[PDB]
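Chemist: Sending over final-v1.txt (compact mmCIF, C-alpha atoms).
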```txt
# COMPACT_ATOMS: atom_id res chain seq x y z
CA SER K 5 243.70 63.13 59.65
CA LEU K 6 244.95 62.56 56.08
CA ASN K 7 246.96 59.43 56.93
CA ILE K 8 244.18 57.85 59.01
CA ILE K 9 241.49 58.68 56.42
CA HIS K 10 243.69 57.03 53.75
CA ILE K 11 243.86 53.86 55.86
CA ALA K 12 240.21 53.96 56.96
CA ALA K 13 238.25 55.11 53.87
CA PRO K 14 238.00 51.76 51.95
CA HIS K 15 236.78 50.09 55.14
CA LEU K 16 234.28 52.82 56.04
CA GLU K 17 232.93 52.84 52.46
CA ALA K 18 232.55 49.05 52.61
CA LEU K 19 230.55 49.32 55.84
CA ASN K 20 228.42 52.12 54.34
CA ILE K 21 227.55 49.84 51.38
CA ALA K 22 226.98 46.76 53.57
CA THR K 23 224.59 48.45 56.04
CA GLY K 24 223.12 51.20 53.85
CA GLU K 25 223.48 53.57 56.83
CA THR K 26 225.34 56.75 57.84
CA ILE K 27 228.97 56.03 58.75
CA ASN K 28 230.79 58.46 61.07
CA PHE K 29 234.50 58.51 61.86
CA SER K 30 235.91 60.76 64.56
CA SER K 31 239.14 61.59 66.36
CA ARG K 32 239.39 62.76 69.95
CA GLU K 33 240.41 66.34 70.67
CA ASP K 34 240.36 66.47 74.48
CA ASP K 35 236.78 67.47 75.55
CA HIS K 36 235.09 66.85 72.17
CA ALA K 37 235.03 64.33 69.32
CA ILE K 38 235.87 65.79 65.88
CA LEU K 39 233.93 64.39 62.95
CA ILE K 40 236.74 63.95 60.42
CA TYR K 41 234.89 61.78 57.92
CA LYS K 42 231.24 61.04 57.17
CA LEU K 43 229.31 58.96 54.61
CA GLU K 44 225.64 59.65 54.03
CA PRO K 45 223.27 56.63 53.92
CA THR K 46 222.66 54.79 50.63
CA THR K 47 219.39 52.88 51.05
CA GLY K 48 219.01 54.09 54.64
CA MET K 49 216.53 56.93 55.06
CA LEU K 50 217.73 58.63 58.26
CA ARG K 51 220.05 61.53 57.45
CA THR K 52 221.67 63.37 60.32
CA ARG K 53 222.80 67.01 60.38
CA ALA K 54 226.33 65.90 61.30
CA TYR K 55 229.10 67.22 59.02
CA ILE K 56 232.86 66.93 58.56
CA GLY K 57 234.58 69.30 60.97
CA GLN K 58 231.78 69.18 63.54
CA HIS K 59 232.80 69.20 67.23
CA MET K 60 230.69 66.75 69.15
CA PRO K 61 230.55 67.08 73.08
CA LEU K 62 231.77 63.94 74.87
CA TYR K 63 228.72 63.46 77.13
CA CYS K 64 226.05 63.15 74.37
CA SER K 65 228.15 61.50 71.60
CA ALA K 66 228.38 57.70 71.46
CA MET K 67 231.97 58.02 70.13
CA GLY K 68 232.65 60.68 72.81
CA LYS K 69 231.44 58.30 75.53
CA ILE K 70 233.86 55.67 74.19
CA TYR K 71 236.73 58.17 74.56
CA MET K 72 235.75 58.84 78.19
CA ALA K 73 235.17 55.11 78.90
CA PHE K 74 238.77 54.32 77.93
CA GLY K 75 240.17 57.42 79.67
CA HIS K 76 240.90 58.08 83.36
CA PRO K 77 237.92 58.42 85.78
CA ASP K 78 239.36 61.70 87.11
CA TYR K 79 238.72 63.11 83.63
CA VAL K 80 234.97 62.49 83.95
CA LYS K 81 234.71 64.11 87.39
CA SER K 82 236.68 67.21 86.25
CA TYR K 83 234.73 67.27 82.96
CA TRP K 84 231.44 67.42 84.90
CA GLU K 85 232.83 70.16 87.16
CA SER K 86 234.09 72.28 84.26
CA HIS K 87 231.28 71.67 81.70
CA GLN K 88 228.28 72.38 83.97
CA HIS K 89 226.83 74.87 81.50
CA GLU K 90 227.43 72.70 78.42
CA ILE K 91 225.92 69.50 79.91
CA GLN K 92 222.22 69.93 79.11
CA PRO K 93 219.19 67.63 78.81
CA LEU K 94 218.85 67.52 75.03
CA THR K 95 216.22 64.79 75.40
CA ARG K 96 214.69 62.93 78.32
CA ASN K 97 217.41 60.29 77.70
CA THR K 98 220.53 62.50 77.73
CA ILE K 99 222.96 61.50 80.45
CA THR K 100 223.36 64.63 82.60
CA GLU K 101 224.18 63.12 86.03
CA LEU K 102 227.70 61.97 86.91
CA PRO K 103 226.78 58.71 88.73
CA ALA K 104 224.63 57.65 85.75
CA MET K 105 227.51 58.48 83.41
CA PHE K 106 230.00 56.36 85.38
CA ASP K 107 227.55 53.42 85.22
CA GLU K 108 227.27 53.91 81.47
CA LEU K 109 231.04 54.26 81.05
CA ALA K 110 231.71 51.03 82.97
CA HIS K 111 229.47 49.12 80.53
CA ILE K 112 231.23 50.71 77.52
CA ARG K 113 234.73 49.98 78.90
CA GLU K 114 233.79 46.35 79.57
CA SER K 115 232.02 45.63 76.26
CA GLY K 116 234.00 47.90 73.94
CA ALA K 117 230.82 49.44 72.46
CA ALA K 118 228.52 52.38 73.06
CA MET K 119 225.11 53.54 71.92
CA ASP K 120 223.40 56.83 71.54
CA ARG K 121 219.96 55.78 72.81
CA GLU K 122 218.02 58.84 71.60
CA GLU K 123 220.23 61.11 73.75
CA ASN K 124 220.49 63.82 71.06
CA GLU K 125 217.16 63.57 69.28
CA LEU K 126 214.19 61.25 69.68
CA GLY K 127 214.03 58.77 66.83
CA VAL K 128 217.79 58.88 66.19
CA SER K 129 220.11 56.16 67.57
CA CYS K 130 223.79 55.31 67.04
CA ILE K 131 226.16 52.39 67.68
CA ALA K 132 229.87 53.18 68.15
CA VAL K 133 233.16 51.31 68.62
CA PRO K 134 236.79 52.28 69.45
CA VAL K 135 239.70 52.13 66.97
CA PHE K 136 242.66 51.10 69.12
CA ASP K 137 246.28 52.13 68.60
CA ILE K 138 249.12 49.62 69.25
CA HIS K 139 249.09 50.59 72.95
CA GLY K 140 245.36 50.09 73.51
CA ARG K 141 244.63 53.82 73.56
CA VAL K 142 241.63 55.08 71.54
CA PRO K 143 242.63 57.88 69.11
CA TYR K 144 239.62 57.35 66.76
CA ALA K 145 236.15 55.82 66.80
CA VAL K 146 233.55 54.71 64.26
CA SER K 147 229.76 54.91 64.48
CA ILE K 148 226.60 54.00 62.55
CA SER K 149 223.59 56.36 62.76
CA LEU K 150 220.09 55.16 61.95
CA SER K 151 216.46 55.59 63.02
CA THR K 152 215.58 54.09 66.41
CA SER K 153 212.71 52.41 64.57
CA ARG K 154 215.08 50.66 62.17
CA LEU K 155 217.53 49.75 64.94
CA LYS K 156 214.77 47.94 66.85
CA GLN K 157 213.94 46.01 63.67
CA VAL K 158 217.49 44.90 62.83
CA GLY K 159 219.09 44.71 66.29
CA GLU K 160 222.19 46.32 67.85
CA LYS K 161 224.28 43.16 67.96
CA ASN K 162 223.39 42.41 64.35
CA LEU K 163 224.86 45.75 63.21
CA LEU K 164 227.63 45.77 65.83
CA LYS K 165 229.31 42.77 64.20
CA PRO K 166 230.32 44.40 60.83
CA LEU K 167 230.88 47.72 62.64
CA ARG K 168 233.41 46.11 64.95
CA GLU K 169 235.02 44.17 62.09
CA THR K 170 235.45 47.53 60.32
CA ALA K 171 237.13 49.15 63.37
CA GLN K 172 239.36 46.07 63.84
CA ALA K 173 240.61 46.26 60.23
CA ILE K 174 241.40 50.00 60.59
CA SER K 175 243.12 49.42 63.95
CA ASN K 176 245.13 46.47 62.56
CA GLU K 177 246.25 48.44 59.50
CA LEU K 178 247.14 51.50 61.60
CA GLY K 179 249.18 49.23 63.89
CA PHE K 180 251.17 47.85 60.95
CA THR K 181 252.12 51.38 59.85
CA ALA K 188 239.14 54.42 47.94
CA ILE K 189 237.40 57.35 46.24
CA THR K 190 237.19 59.09 49.67
CA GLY K 191 240.77 58.27 50.66
```
How does the structure come out when it is put into C-alpha cells?
Modeler:
Amino acid sequence: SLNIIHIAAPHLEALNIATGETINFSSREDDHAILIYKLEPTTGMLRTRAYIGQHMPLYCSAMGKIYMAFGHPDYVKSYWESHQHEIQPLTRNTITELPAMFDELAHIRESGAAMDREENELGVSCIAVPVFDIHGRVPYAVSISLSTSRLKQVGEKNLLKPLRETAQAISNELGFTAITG
C-alpha cells in the first residue's frame, strides 16, 4: 500500500481540499474492501466512523460494489451463497437480494461509478469510482462520503467530475510506473 499511497496522496489531498468532504481510498482483498487511506472532511460536517485498516463488506460498500461490478458474475452468485449470514439489511436501502444486486452491478459496470444510497446508515451517502491498472482491472477505488442532505443540494454528477479526474490521475500515474504520502 506504501507505493500506491505515495502516488495517490497528493491527488486525494487535492480532492479533499476541493470538495471539503471525506475522501476514502481502498484496495480489494477478495471479499472485502480495505480502507488503506482516509482524509477527514475540512469544511464538510459529516464525519464517518470509517478508519484506516477497516474491512468493508463488498455488498454494502460503494467501492466494494465497484470491485464486484468489474469482476466475474460467478463471483457474485458464490458470494451470495457463502455470505448468507453476513449479508444483512443494515437499512431499508441495503441491497440484500441477488437479482437486485446484479441490476445495480450492471449500472456500475456500464457507467464506471457507484453510490452508497443510504445503504449503511440513513443520512449518509457516498460516490465511488474505480482506479484502473494498465490491464483494466480494478485494484483500488476512491470514494467521497457526505450527508445525503448535502448530496441532494450539490448533485452526484457535480461531485463525480473531480472525483473521477482524481481517480484518472492516480490510474495514469500508476500505469506509468504530499504530507500524507
Chemist: Near region 96-106 of chain K, within 9 Å and counting all atoms listed in the file, which residues show up once chain neighbours fewer than 2 positions away are dropped, as a PyMOL selection string?
Modeler: chain K and resi 63-64+69+73+77+80-81+84+91-94+108-111+120-124+126
Chemist: CA of residue 27 (chain K) and CA of residue 44 (chain K), how far apart in Å?
Modeler: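 Distance between the two atoms: 6.8 Å.
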Chemist: Kindly indicate which residue among K:54, K:36, K:115, K:159 lies nearest to residue 87 (chain K), using only C-alpha atoms for the distances.
Modeler: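 Checking each candidate against residue 87 (chain K), we get K:36 as the closest.
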Chemist: Between CA of residue 59 (chain K) and CA of residue 34 (chain K), what is the distance in Å, rounded to a tenth?
Modeler: 10.8 Å
Chemist: Which residue is closest to residue 145 (chain K)? Choose from K:47, K:172, K:129, K:86 and count only C-alpha atoms.
Modeler: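 That would be K:172, the residue with the smallest distance to residue 145 (chain K).
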Chemist: Would you list the contacts of residue 24 (chain K) as JSON, numbers by chain, taking every protein, DNA or RNA residue within 12 Å and counting only C-alpha atoms, but skipping same-chain residues closer than 6 positions in sequence?
Modeler: {"K": [16, 17, 18, 43, 44, 45, 46, 47, 48, 49, 50, 51, 148, 149, 150, 154, 163]}
Chemist: Quick check, in Å to one decimal: how far apart do CA of residue 113 (chain K) and CA of residue 74 (chain K) lie?
Modeler: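 The value is 6.0 Å.
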Chemist: Quick one: residues within 10 Å of residue 168 (chain K), all atoms listed in the file counted, chain neighbours fewer than 6 positions away excluded, as a compact mmCIF listing (two decimals) with C-alpha atoms, in the coordinates of the input?
Modeler:
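Contents of the output file result.txt:
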```
# COMPACT_ATOMS: atom_id res chain seq x y z
CA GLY K 116 234.00 47.90 73.94
CA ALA K 117 230.82 49.44 72.46
CA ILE K 131 226.16 52.39 67.68
CA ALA K 132 229.87 53.18 68.15
CA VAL K 133 233.16 51.31 68.62
CA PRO K 134 236.79 52.28 69.45
CA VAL K 135 239.70 52.13 66.97
CA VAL K 146 233.55 54.71 64.26
CA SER K 147 229.76 54.91 64.48
CA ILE K 174 241.40 50.00 60.59
```
Chemist: So which one's closest to residue 139 (chain K), K:7, K:176, K:41, K:19? Using all atoms listed in the file, please.
Modeler: K:176
Chemist: Taking into account only C-alpha atoms, which residue in the set K:119, K:6, K:56, K:12 is nearest to residue 164 (chain K)?
Modeler: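 Nearest to residue 164 (chain K): K:119.
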Chemist: When you count only C-alpha atoms, which of these residues is closest to residue 151 (chain K): K:62, K:130, K:8, K:68?
Modeler: K:130
Chemist: When distances are computed from all atoms listed in the file, which of K:10, K:141, K:22, K:37 shows the smallest separation from residue 76 (chain K)?
Modeler: K:141
Chemist: Quick one: residues within 7 Å of residue 32 (chain K), all atoms listed in the file counted, chain neighbours fewer than 5 positions away excluded, as a VMD selection string?
Modeler: chain K and resid 37 to 38 143 to 144
